[PDB]
């Protein structure tokens, strides 16, 4: 890993979308633009997380 | 490495399910939705642990 | 290693079986169910240790 | 590893360019010349970040 | 890496055996049973050390 | 990396050449001889940096 | 490296042999038996060092 | 990794030789004999550095 970035993008394909978010070096952020999603997808994984599970993930990525 | 996540998903296929759980960076969580299970299966392993063995694993992961 | 687990399963195929055990991040545990053995075999090695040698291994894995 | 540089180049292809920027060993810089962009592209990744998302990434990389 | 064990087995094939010994995470132990030798041979190397050379190796591994 | 050296050579192919320079374990040096450039090219990357960008790179490689 | 040993065997093929020696985790030792040389050759490199250079190497491996 | 040696050999092929030198675990040494040069070439890189550039490299490796 040469990027200096550890984390992942997350979104849900279920009923109540929250858009795309990411953990970037242990900091959670919202992503506003699809360009940015595509850019980060070059260096970090992009996974699915249900809206109901986001809270628990945040606890673990705290 | 790049995901910023070390850990694993665990469940039992035995007669009394406890659903899916995970250790994520040393923190134990419940996972509510199968979307989230499949998301995390892209970046961390997913193993079987019997209901009777969860206690010892929880203690070892302390 | 993405699991956050270092260690191994151990058992003997000799006269006085002690079932399966494991070292998980330097903590020794008994394993009650074969499901759990199979699960851990996905992420950590599974080796043979004679009953007579368990005591010495415990000293080294202390 | 061998370069002594962890980080990435970022730019947007959107309507209002901010040129190329980089995080180099946790320090954010502007890059003035495309020669330098192509030089750094030999050793670190180069991704797209929208203008609207730069703020959050800057905060996360703090 | 994943085993949580760094070290090696040692023995001599010379005229006076000292059996099998091991350094396991910096701790020297005797191994009593060949089952255990073969178990550990799945995860750590197994080398020859003459009886006359064991002393110096023990000191170096201090 | 077995060399004990992290860094890179840099030069520009643009108007105002500054010759070859390098960062070697976070220390910037001028290189006087092409032999030395060729030698370091065996163990560290060699990239292009415009004269106008050298100042900003020095800030990040400080 | 799973052995827990870093170093090398050394000998000279020149006029004034000093037998085989080794650095084992920064400790210099003489090796008395060829069996031991063969054993260590399974886990660490074996190189040539002239008798005249041993003193300088010892300084660096101190 | 396994050798316990990080560094490199250096020499010039220019008109005034300084022989072979090495940085071995951050310590600069002279090498007297070509046997030793070839021994170390099995485990660490060997590069060219002009006589005029040795000073700057020595300072950088401080």
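Chains as they are written, first to last, in this note's numbering: chain A, 29 to 90; chain B, 29 to 90; chain C, 29 to 90; chain D, 29 to 90; chain E, 29 to 90; chain F, 29 to 90; chain G, 29 to 90; chain H, 29 to 90.
Heads up, the beta-carbon is just placed ideally off N, CA and C, and yes, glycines get one too.
- Residues of the same chain with a CB within less than 8 Å of the CB of residue 42(E), apart from the 5 flanking positions on each side, are 78, 79 in chain order.
- The three-state secondary structure of residue 85(G), taken from DSSP, is helix.
- Counting along the chain, residue 75(G) sits inside the beta strand (DSSP E) bounded by residues 74-76.
- When 8 Å is used as the limit between beta carbons, residue 77(A) is near no residue of chain D, the shortest such separation being about 18 Å.
- Using a Cβ-Cβ distance cut-off of 8 Å, the stretch 64-75 of chain A and the stretch 43-56 of chain B are not in contact, since fewer than three pairs of beta carbons, one from each stretch, lie closer than that value.
- Residue 67(E) is classed as buried because its beta carbon has at least 16 other beta carbons within 10 Å across all chains shown.
- Residue 30(D): not part of any alpha helix (DSSP H); DSSP gives it neither H nor E.
- Residues of chain B with a Cβ closer than 8 Å to the Cβ of residue 87(A) are, in chain order, 55, 57.
- Our two residues, residue 63(H) and residue 37(E), have alpha carbons roughly 33 Å apart in a direct line.
- If you look at residue 62(B), you'll find it in the alpha helix (DSSP H) that goes 62-69.
- Looking at the DSSP output, residue 56(D) bridges to 51(D).
- In this structure, residue 60(G) places its C-beta atom within 8 Å of the C-beta atom of residue 81(E).
- Where residue 35(D) is concerned, the enclosing beta strand (DSSP E) starts and stops at 35-39.
- Burial is judged here by how many other beta carbons sit within 10 angstroms of a residue's own beta carbon; residue 35(B) has at least 16 and is buried.
- Only those residues of the stretch 59-76 of chain H whose C-beta falls short of 8 Å from the nearest C-beta of chain F are listed: 71, 72, 73, 75, 76.
- Its chain contains 48 as the residues whose beta carbon lies nearer than 6 Å to that of residue 39(C), once the 5 sequence neighbours on both sides are disregarded; these appear in chain order.
- When Cβ-Cβ separations below 8 Å define contact, residue 50(B) makes no contact with chain C.
- For residue 32(G), the nearest beta carbon of chain H is not closer than 8 Å to its own beta carbon.
- The Cβ-Cβ distance between residue 85(G) and residue 85(E) does not fall below 8 Å.
- Ranked by Cα distance from residue 87(A), the first of 56(A), 69(A), 29(A) is 56(A).
- Nearest CB-CB separation between residue 35(F) and chain D: below the 8 Å threshold.
- At least one beta carbon of chain A lies nearer than 8 Å to the beta carbon of residue 42(D).
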